[PDB]
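Structure data (compact mmCIF, C-alpha atoms and all ligand atoms) from final37.txt:
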```txt
# COMPACT_ATOMS: atom_id res chain seq x y z
CA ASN A 701 -82.57 2.17 2.76
CA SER A 702 -81.38 -0.19 0.01
CA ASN A 703 -77.58 -0.47 -0.39
CA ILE A 704 -77.67 -0.51 -4.24
CA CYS A 705 -78.77 2.19 -6.79
CA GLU A 706 -82.37 1.56 -7.84
CA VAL A 707 -81.52 2.36 -11.48
CA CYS A 708 -78.14 0.59 -12.22
CA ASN A 709 -78.11 -1.88 -9.31
CA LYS A 710 -74.54 -1.02 -8.23
CA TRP A 711 -73.21 0.28 -4.93
CA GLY A 712 -71.30 3.43 -4.61
CA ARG A 713 -71.97 7.06 -3.49
CA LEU A 714 -75.75 6.63 -2.85
CA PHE A 715 -78.39 9.21 -1.84
CA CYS A 716 -81.21 7.79 0.14
CA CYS A 717 -84.88 8.70 -0.18
CA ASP A 718 -86.47 9.98 3.07
CA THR A 719 -89.91 8.62 2.31
CA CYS A 720 -89.09 5.27 0.82
CA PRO A 721 -86.25 2.74 1.07
CA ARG A 722 -84.81 3.38 -2.41
CA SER A 723 -81.36 4.75 -3.06
CA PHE A 724 -79.64 6.44 -6.06
CA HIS A 725 -76.49 7.50 -7.62
CA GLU A 726 -76.52 11.27 -8.13
CA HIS A 727 -76.85 11.12 -11.95
CA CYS A 728 -78.86 7.93 -12.07
CA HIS A 729 -81.85 9.71 -10.49
CA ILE A 730 -83.73 11.99 -12.85
CA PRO A 731 -83.70 14.82 -12.21
CA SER A 732 -80.07 14.53 -10.76
CA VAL A 733 -80.26 14.29 -6.96
CA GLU A 734 -80.85 17.81 -5.61
CA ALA A 735 -77.92 19.62 -3.70
CA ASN A 736 -79.68 20.30 -0.42
CA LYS A 737 -83.33 19.44 0.47
CA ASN A 738 -83.71 17.72 3.85
CA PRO A 739 -85.86 15.73 3.78
CA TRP A 740 -85.52 14.53 0.11
CA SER A 741 -88.11 12.47 -1.72
CA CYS A 742 -87.22 10.39 -4.87
CA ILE A 743 -89.12 10.59 -8.19
CA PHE A 744 -90.99 7.42 -7.25
CA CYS A 745 -92.36 9.11 -4.17
CA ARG A 746 -93.16 12.34 -6.05
CA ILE A 747 -95.11 10.42 -8.65
CA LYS A 748 -97.05 8.50 -5.96
CA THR A 749 -97.93 11.89 -4.35
CA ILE A 750 -99.49 13.21 -7.63
CA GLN A 751 -101.60 10.10 -7.82
CA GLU A 752 -102.68 10.40 -4.14
CA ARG A 753 -103.61 14.05 -4.48
CA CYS A 754 -105.75 13.37 -7.59
CA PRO A 755 -107.07 9.80 -7.48
CA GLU A 756 -109.05 10.35 -10.68
CA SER A 757 -105.73 10.88 -12.50
CA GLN A 758 -105.60 7.05 -12.68
CA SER A 759 -108.73 6.76 -14.79
CA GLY A 760 -108.07 5.76 -18.43
CA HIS A 761 -106.90 8.35 -20.94
CA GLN A 762 -106.54 8.44 -24.69
CA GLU A 763 -102.92 8.53 -25.97
CA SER A 764 -103.80 11.36 -28.34
CA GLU A 765 -104.91 13.57 -25.51
CA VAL A 766 -101.86 12.73 -23.38
CA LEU A 767 -99.46 13.59 -26.24
CA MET A 768 -100.98 17.03 -26.68
CA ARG A 769 -100.51 18.03 -23.09
CA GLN A 770 -98.20 20.90 -22.45
CA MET A 771 -95.09 20.18 -20.36
CA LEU A 772 -96.27 21.77 -17.10
CA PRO A 773 -94.43 20.58 -13.94
CA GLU A 774 -96.45 17.37 -13.44
CA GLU A 775 -96.03 16.27 -17.08
CA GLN A 776 -92.29 17.16 -16.93
CA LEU A 777 -91.98 14.92 -13.89
CA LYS A 778 -93.95 12.08 -15.49
CA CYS A 779 -91.61 12.16 -18.56
CA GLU A 780 -88.54 12.22 -16.28
CA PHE A 781 -89.89 9.19 -14.45
CA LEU A 782 -90.68 7.35 -17.75
CA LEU A 783 -87.11 8.06 -18.94
CA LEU A 784 -85.76 6.76 -15.64
CA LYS A 785 -87.83 3.57 -15.99
CA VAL A 786 -86.06 2.89 -19.31
CA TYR A 787 -82.59 3.42 -17.74
CA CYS A 788 -83.63 0.94 -15.05
CA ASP A 789 -83.36 -1.87 -17.62
CA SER A 790 -79.82 -2.99 -18.20
CA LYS A 791 -80.46 -3.19 -21.96
CA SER A 792 -80.68 0.62 -21.99
CA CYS A 793 -76.95 0.69 -22.28
CA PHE A 794 -77.17 0.10 -25.98
CA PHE A 795 -79.30 3.29 -26.39
CA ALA A 796 -77.68 5.61 -23.85
CA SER A 797 -74.83 7.25 -25.64
CA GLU A 798 -74.42 8.69 -29.11
CA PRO A 799 -74.49 5.95 -31.78
CA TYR A 800 -72.51 5.62 -34.99
CA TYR A 801 -73.40 3.76 -38.12
CA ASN A 802 -70.97 1.80 -40.38
CA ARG A 803 -72.45 -1.54 -41.44
CA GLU A 804 -72.26 -3.04 -44.93
CA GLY A 805 -75.69 -2.84 -46.56
CA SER A 806 -77.18 -0.25 -44.21
CA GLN A 807 -77.25 3.49 -44.04
CA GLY A 808 -77.49 5.44 -40.73
CA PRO A 809 -80.66 7.20 -39.73
CA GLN A 810 -81.43 10.74 -40.84
CA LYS A 811 -82.04 11.82 -37.27
CA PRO A 812 -79.96 9.93 -34.70
CA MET A 813 -81.32 9.85 -31.16
CA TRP A 814 -80.21 8.42 -27.83
CA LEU A 815 -81.22 8.42 -24.17
CA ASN A 816 -78.62 10.85 -22.89
CA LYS A 817 -79.75 13.32 -25.56
CA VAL A 818 -83.41 12.99 -24.34
CA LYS A 819 -82.16 13.42 -20.81
CA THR A 820 -80.33 16.69 -21.67
CA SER A 821 -83.40 17.86 -23.59
CA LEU A 822 -85.65 17.33 -20.55
CA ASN A 823 -83.14 19.04 -18.26
CA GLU A 824 -82.97 22.04 -20.63
CA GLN A 825 -86.84 22.25 -20.87
CA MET A 826 -86.67 21.77 -24.70
CA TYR A 827 -89.97 19.90 -24.94
CA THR A 828 -93.18 22.05 -24.87
CA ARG A 829 -95.58 19.03 -25.16
CA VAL A 830 -95.48 15.35 -24.06
CA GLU A 831 -95.57 14.48 -27.73
CA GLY A 832 -91.95 15.88 -28.27
CA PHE A 833 -90.55 13.59 -25.61
CA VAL A 834 -92.48 10.53 -26.76
CA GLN A 835 -91.54 11.07 -30.38
CA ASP A 836 -87.81 11.21 -29.57
CA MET A 837 -88.08 8.10 -27.36
CA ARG A 838 -89.88 6.09 -30.07
CA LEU A 839 -87.36 7.34 -32.66
CA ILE A 840 -84.51 5.70 -30.73
CA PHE A 841 -86.06 2.25 -31.27
CA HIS A 842 -87.32 2.87 -34.76
CA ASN A 843 -83.79 4.00 -35.93
CA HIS A 844 -82.37 0.80 -34.39
CA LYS A 845 -84.85 -1.50 -36.13
CA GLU A 846 -84.34 0.08 -39.50
CA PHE A 847 -80.51 0.11 -39.31
CA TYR A 848 -80.02 -3.49 -38.03
CA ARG A 849 -82.43 -4.96 -40.62
CA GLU A 850 -82.42 -8.74 -40.28
CA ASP A 851 -79.59 -8.90 -37.78
CA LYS A 852 -80.87 -10.54 -34.59
CA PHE A 853 -79.56 -7.46 -32.72
CA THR A 854 -82.75 -5.74 -33.90
CA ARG A 855 -84.43 -7.53 -31.00
CA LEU A 856 -82.77 -5.28 -28.44
CA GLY A 857 -84.78 -2.34 -29.87
CA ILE A 858 -88.05 -4.33 -29.56
CA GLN A 859 -87.23 -5.26 -26.02
CA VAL A 860 -86.38 -1.81 -24.72
CA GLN A 861 -89.31 -0.26 -26.68
CA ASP A 862 -91.65 -2.72 -24.90
CA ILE A 863 -90.32 -1.43 -21.53
CA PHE A 864 -90.89 2.15 -22.66
CA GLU A 865 -94.47 1.45 -23.89
CA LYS A 866 -95.60 -0.53 -20.80
CA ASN A 867 -94.30 2.23 -18.59
CA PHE A 868 -95.85 4.96 -20.75
CA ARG A 869 -99.25 3.28 -20.41
CA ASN A 870 -98.81 2.95 -16.63
CA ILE A 871 -97.48 6.38 -15.85
CA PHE A 872 -99.92 8.29 -18.05
CA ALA A 873 -102.86 5.96 -17.19
CA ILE A 874 -103.61 5.09 -20.77
CA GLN A 875 -107.01 3.33 -21.12
CA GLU A 876 -106.54 -0.41 -21.27
CA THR A 877 -107.51 -2.12 -24.57
CA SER A 878 -107.44 -5.53 -26.32
ZN ZN B 901 -76.85 4.06 -10.34
ZN ZN B 902 -88.73 7.51 -2.49
ZN ZN B 903 -108.56 15.79 -6.38
```
Final structure tokens representation of the file:
Amino acid sequence: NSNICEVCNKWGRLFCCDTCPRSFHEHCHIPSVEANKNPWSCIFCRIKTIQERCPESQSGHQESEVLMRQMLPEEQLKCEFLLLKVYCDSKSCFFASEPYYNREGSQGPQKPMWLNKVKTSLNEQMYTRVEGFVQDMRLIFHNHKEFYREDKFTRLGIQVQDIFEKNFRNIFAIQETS
């Protein structure tokens, strides 16, 4: 196994996947690494199994159909994995914890949102459709862009949204378009 967390790239108290060489901090993996379970397989491996069991699941889909899916166990896992992919980028730090807003010439968003809040919401099974999770994720970056206006810091929201969107299209097998 790797000797650094797959998500944050640091060493520490690491749990190793039995079916692949990746390793994780307890609360870096999503869901948090399970108490017992020998052997244990990471989210990466669980996602690869879904694909392998239903090869046609990789055929293109329309975003509108994906959003309307109910959050059955496979969709729950796909959203957990998508969230984890965002935490894998170091720029996610800006979006992880609860924000506050006090900048001359700007007003804070009406509905603040952050990654740890989406993570708690997934853990608590608060989303009934994929659309609820995707809407909160896109709201994180939209709030950032509107608040930071012409400050160059706005770019961090564009960057981390691009990671989210590329991974959304991959994980949910969105039909490729020009
Ligand atoms: Zn970690
Ligand atoms: Zn694995
Ligand atoms: Zn099949």
All residues within 7 Å of ligand ZN 901 (chain B) are required, counting only C-alpha atoms and all ligand atoms; please report them as an MDAnalysis selection string. chainID A and resid 705:710 724:725 728
Taking all atoms listed in the file and a cut-off of 6 Å, can you tell me which residues surround ligand ZN 902 (chain B), written as a PyMOL selection string? chain A and resi 717+719-720+722+741-742+744-745
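The smallest atom-to-atom distance between residue 796 of chain A and any of A:784, A:768, A:714, A:704, using only C-alpha atoms, is found for A:784.
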For each of A:807, A:823, A:751, A:702, take the minimum atom-to-atom distance to ligand ZN 903 (chain B), counting all atoms listed in the file, then give the residue where this is smallest. A:751
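Relative to atom CA of residue 790 of chain A, atom CA of residue 803 of chain A is found at 24.4 Å.
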Give me, as a list in words, all polymer residues having an atom no more than 12 Å from residue 737 of chain A, counting only C-alpha atoms and skipping those fewer than 6 positions away in the same chain. residues 715, 716, 717 and 718 of chain A
Kindly work out which residues sit at most 12 Å from ligand ZN 903 (chain B), using all atoms listed in the file, and give the list as a ChimeraX atom specification. /A:749-758
Write a file of the just-selected residues containing C-alpha atoms, as a PDB file, in the coordinates of the input.
```pdb
ATOM      1  CA  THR A 749     -97.930  11.890  -4.350  1.00  0.00           C
ATOM      2  CA  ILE A 750     -99.490  13.210  -7.630  1.00  0.00           C
ATOM      3  CA  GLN A 751    -101.600  10.100  -7.820  1.00  0.00           C
ATOM      4  CA  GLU A 752    -102.680  10.400  -4.140  1.00  0.00           C
ATOM      5  CA  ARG A 753    -103.610  14.050  -4.480  1.00  0.00           C
ATOM      6  CA  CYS A 754    -105.750  13.370  -7.590  1.00  0.00           C
ATOM      7  CA  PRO A 755    -107.070   9.800  -7.480  1.00  0.00           C
ATOM      8  CA  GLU A 756    -109.050  10.350 -10.680  1.00  0.00           C
ATOM      9  CA  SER A 757    -105.730  10.880 -12.500  1.00  0.00           C
ATOM     10  CA  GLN A 758    -105.600   7.050 -12.680  1.00  0.00           C
TER      11      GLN A 758
END
```
List as a VMD selection string the protein and nucleic acid residues near residue 873 of chain A, meaning an atom at most 8 Å away when only C-alpha atoms are counted, but skip any in the same chain fewer than 4 places from it. chain A and resid 757 to 761 868 to 869
Atoms to include: C-alpha atoms. Write the selected residues as a PDB file, in the frame of the given file.
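Just written: out_17.pdb:
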```pdb
ATOM      1  CA  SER A 757    -105.730  10.880 -12.500  1.00  0.00           C
ATOM      2  CA  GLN A 758    -105.600   7.050 -12.680  1.00  0.00           C
ATOM      3  CA  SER A 759    -108.730   6.760 -14.790  1.00  0.00           C
ATOM      4  CA  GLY A 760    -108.070   5.760 -18.430  1.00  0.00           C
ATOM      5  CA  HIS A 761    -106.900   8.350 -20.940  1.00  0.00           C
ATOM      6  CA  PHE A 868     -95.850   4.960 -20.750  1.00  0.00           C
ATOM      7  CA  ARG A 869     -99.250   3.280 -20.410  1.00  0.00           C
TER       8      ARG A 869
END
```
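What separates atom CA of residue 870 of chain A from atom CA of residue 824 of chain A is a distance of 25.1 Å.
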Could you check the closest approach to residue 797 of chain A for each of A:858, A:782, A:813, A:837 and tell me which residue wins, using all atoms listed in the file?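 Ranked by minimum distance to residue 797 of chain A, first place goes to A:813.
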Point-to-point distance in Å for atom CA of residue 792 of chain A and atom CA of residue 819 of chain A: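 According to the coordinates, atom CA of residue 819 of chain A and atom CA of residue 792 of chain A are separated by 12.9 Å.
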Excluding same-chain residues fewer than 4 positions from residue 780 of chain A, what lies within 7 Å of it counting only C-alpha atoms, as a list in words?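 The residues satisfying every condition are residues 730, 731, 776 and 784 of chain A.
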Find the residue from A:821, A:855, A:783, A:872 that sits nearest to residue 838 of chain A; use all atoms listed in the file when measuring.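 Nearest candidate to residue 838 of chain A out of A:821, A:855, A:783, A:872: A:783.
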Go through A:793, A:779, A:834, A:826 one by one, measure the shortest atom-to-atom distance of each to residue 860 of chain A using all atoms listed in the file, and give the residue with the smallest value. A:793
Could you check the closest approach to residue 771 of chain A for each of A:845, A:827, A:733, A:862 and tell me which residue wins, using only C-alpha atoms? A:827
Which polymer residues have any atom within 12 Å of an atom of residue 804 of chain A, counting all atoms listed in the file, with same-chain residues fewer than 2 positions away left out, as a VMD selection string? chain A and resid 801 to 802 806 to 808 847 to 849 851
Would you put the residues from that selection into a file with C-alpha atoms, as an mmCIF file, in the coordinates of the input?
```
data_model
loop_
_atom_site.group_PDB
_atom_site.id
_atom_site.type_symbol
_atom_site.label_atom_id
_atom_site.label_comp_id
_atom_site.auth_asym_id
_atom_site.auth_seq_id
_atom_site.Cartn_x
_atom_site.Cartn_y
_atom_site.Cartn_z
ATOM 1 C CA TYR A 801 -73.400 3.760 -38.120
ATOM 2 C CA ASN A 802 -70.970 1.800 -40.380
ATOM 3 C CA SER A 806 -77.180 -0.250 -44.210
ATOM 4 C CA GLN A 807 -77.250 3.490 -44.040
ATOM 5 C CA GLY A 808 -77.490 5.440 -40.730
ATOM 6 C CA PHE A 847 -80.510 0.110 -39.310
ATOM 7 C CA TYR A 848 -80.020 -3.490 -38.030
ATOM 8 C CA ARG A 849 -82.430 -4.960 -40.620
ATOM 9 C CA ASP A 851 -79.590 -8.900 -37.780
#
```
Starting from the incomplete input, reconstruct N, CA, C and O atoms of segment 768-787 of chain A and write that as a PDB file, in the frame of the given file.
```
ATOM      1  N   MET A 768    -100.808  15.594 -26.515  1.00  0.00           N
ATOM      2  CA  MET A 768    -100.980  17.030 -26.680  1.00  0.00           C
ATOM      3  C   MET A 768    -100.862  17.861 -25.484  1.00  0.00           C
ATOM      4  O   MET A 768    -100.783  19.104 -25.578  1.00  0.00           O
ATOM      5  N   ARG A 769    -100.702  17.258 -24.312  1.00  0.00           N
ATOM      6  CA  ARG A 769    -100.510  18.030 -23.090  1.00  0.00           C
ATOM      7  C   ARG A 769     -99.260  18.871 -23.100  1.00  0.00           C
ATOM      8  O   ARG A 769     -98.181  18.335 -23.397  1.00  0.00           O
ATOM      9  N   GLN A 770     -99.339  20.076 -22.634  1.00  0.00           N
ATOM     10  CA  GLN A 770     -98.200  20.900 -22.450  1.00  0.00           C
ATOM     11  C   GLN A 770     -97.334  20.389 -21.321  1.00  0.00           C
ATOM     12  O   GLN A 770     -97.839  19.839 -20.357  1.00  0.00           O
ATOM     13  N   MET A 771     -96.030  20.684 -21.389  1.00  0.00           N
ATOM     14  CA  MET A 771     -95.090  20.180 -20.360  1.00  0.00           C
ATOM     15  C   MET A 771     -95.030  21.065 -19.078  1.00  0.00           C
ATOM     16  O   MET A 771     -94.025  21.622 -18.705  1.00  0.00           O
ATOM     17  N   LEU A 772     -96.221  21.149 -18.419  1.00  0.00           N
ATOM     18  CA  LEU A 772     -96.270  21.770 -17.100  1.00  0.00           C
ATOM     19  C   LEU A 772     -95.495  20.907 -16.102  1.00  0.00           C
ATOM     20  O   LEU A 772     -95.209  19.714 -16.434  1.00  0.00           O
ATOM     21  N   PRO A 773     -95.245  21.334 -14.868  1.00  0.00           N
ATOM     22  CA  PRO A 773     -94.430  20.580 -13.940  1.00  0.00           C
ATOM     23  C   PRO A 773     -94.836  19.152 -13.754  1.00  0.00           C
ATOM     24  O   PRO A 773     -93.901  18.285 -13.654  1.00  0.00           O
ATOM     25  N   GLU A 774     -96.081  18.771 -13.641  1.00  0.00           N
ATOM     26  CA  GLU A 774     -96.450  17.370 -13.440  1.00  0.00           C
ATOM     27  C   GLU A 774     -96.154  16.522 -14.662  1.00  0.00           C
ATOM     28  O   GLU A 774     -95.693  15.384 -14.501  1.00  0.00           O
ATOM     29  N   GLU A 775     -96.362  17.026 -15.877  1.00  0.00           N
ATOM     30  CA  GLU A 775     -96.030  16.270 -17.080  1.00  0.00           C
ATOM     31  C   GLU A 775     -94.508  16.155 -17.221  1.00  0.00           C
ATOM     32  O   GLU A 775     -94.030  15.074 -17.647  1.00  0.00           O
ATOM     33  N   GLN A 776     -93.762  17.168 -16.926  1.00  0.00           N
ATOM     34  CA  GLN A 776     -92.290  17.160 -16.930  1.00  0.00           C
ATOM     35  C   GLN A 776     -91.879  16.058 -16.019  1.00  0.00           C
ATOM     36  O   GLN A 776     -90.989  15.218 -16.405  1.00  0.00           O
ATOM     37  N   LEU A 777     -92.390  15.941 -14.811  1.00  0.00           N
ATOM     38  CA  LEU A 777     -91.980  14.920 -13.890  1.00  0.00           C
ATOM     39  C   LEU A 777     -92.352  13.577 -14.373  1.00  0.00           C
ATOM     40  O   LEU A 777     -91.542  12.593 -14.236  1.00  0.00           O
ATOM     41  N   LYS A 778     -93.533  13.370 -14.967  1.00  0.00           N
ATOM     42  CA  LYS A 778     -93.950  12.080 -15.490  1.00  0.00           C
ATOM     43  C   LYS A 778     -92.988  11.647 -16.614  1.00  0.00           C
ATOM     44  O   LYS A 778     -92.656  10.436 -16.712  1.00  0.00           O
ATOM     45  N   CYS A 779     -92.597  12.556 -17.495  1.00  0.00           N
ATOM     46  CA  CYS A 779     -91.610  12.160 -18.560  1.00  0.00           C
ATOM     47  C   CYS A 779     -90.258  11.843 -17.940  1.00  0.00           C
ATOM     48  O   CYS A 779     -89.624  10.872 -18.423  1.00  0.00           O
ATOM     49  N   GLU A 780     -89.793  12.565 -16.966  1.00  0.00           N
ATOM     50  CA  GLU A 780     -88.540  12.220 -16.280  1.00  0.00           C
ATOM     51  C   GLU A 780     -88.632  10.854 -15.718  1.00  0.00           C
ATOM     52  O   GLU A 780     -87.652  10.054 -15.788  1.00  0.00           O
ATOM     53  N   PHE A 781     -89.703  10.449 -15.086  1.00  0.00           N
ATOM     54  CA  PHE A 781     -89.890   9.190 -14.450  1.00  0.00           C
ATOM     55  C   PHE A 781     -89.909   8.075 -15.519  1.00  0.00           C
ATOM     56  O   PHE A 781     -89.300   7.006 -15.370  1.00  0.00           O
ATOM     57  N   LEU A 782     -90.609   8.301 -16.630  1.00  0.00           N
ATOM     58  CA  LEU A 782     -90.680   7.350 -17.750  1.00  0.00           C
ATOM     59  C   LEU A 782     -89.242   7.117 -18.288  1.00  0.00           C
ATOM     60  O   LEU A 782     -88.875   5.971 -18.531  1.00  0.00           O
ATOM     61  N   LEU A 783     -88.513   8.212 -18.507  1.00  0.00           N
ATOM     62  CA  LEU A 783     -87.110   8.060 -18.940  1.00  0.00           C
ATOM     63  C   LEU A 783     -86.343   7.222 -17.942  1.00  0.00           C
ATOM     64  O   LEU A 783     -85.555   6.288 -18.316  1.00  0.00           O
ATOM     65  N   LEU A 784     -86.484   7.499 -16.644  1.00  0.00           N
ATOM     66  CA  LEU A 784     -85.760   6.760 -15.640  1.00  0.00           C
ATOM     67  C   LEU A 784     -86.120   5.301 -15.672  1.00  0.00           C
ATOM     68  O   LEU A 784     -85.210   4.390 -15.534  1.00  0.00           O
ATOM     69  N   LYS A 785     -87.396   4.929 -15.888  1.00  0.00           N
ATOM     70  CA  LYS A 785     -87.830   3.570 -15.990  1.00  0.00           C
ATOM     71  C   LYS A 785     -87.082   2.827 -17.120  1.00  0.00           C
ATOM     72  O   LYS A 785     -86.753   1.638 -17.015  1.00  0.00           O
ATOM     73  N   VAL A 786     -86.841   3.515 -18.220  1.00  0.00           N
ATOM     74  CA  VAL A 786     -86.060   2.890 -19.310  1.00  0.00           C
ATOM     75  C   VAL A 786     -84.632   2.659 -18.879  1.00  0.00           C
ATOM     76  O   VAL A 786     -84.068   1.544 -19.120  1.00  0.00           O
ATOM     77  N   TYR A 787     -83.979   3.628 -18.245  1.00  0.00           N
ATOM     78  CA  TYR A 787     -82.590   3.420 -17.740  1.00  0.00           C
ATOM     79  C   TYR A 787     -82.556   2.331 -16.727  1.00  0.00           C
ATOM     80  O   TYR A 787     -81.461   1.725 -16.571  1.00  0.00           O
TER      81      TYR A 787
END
```
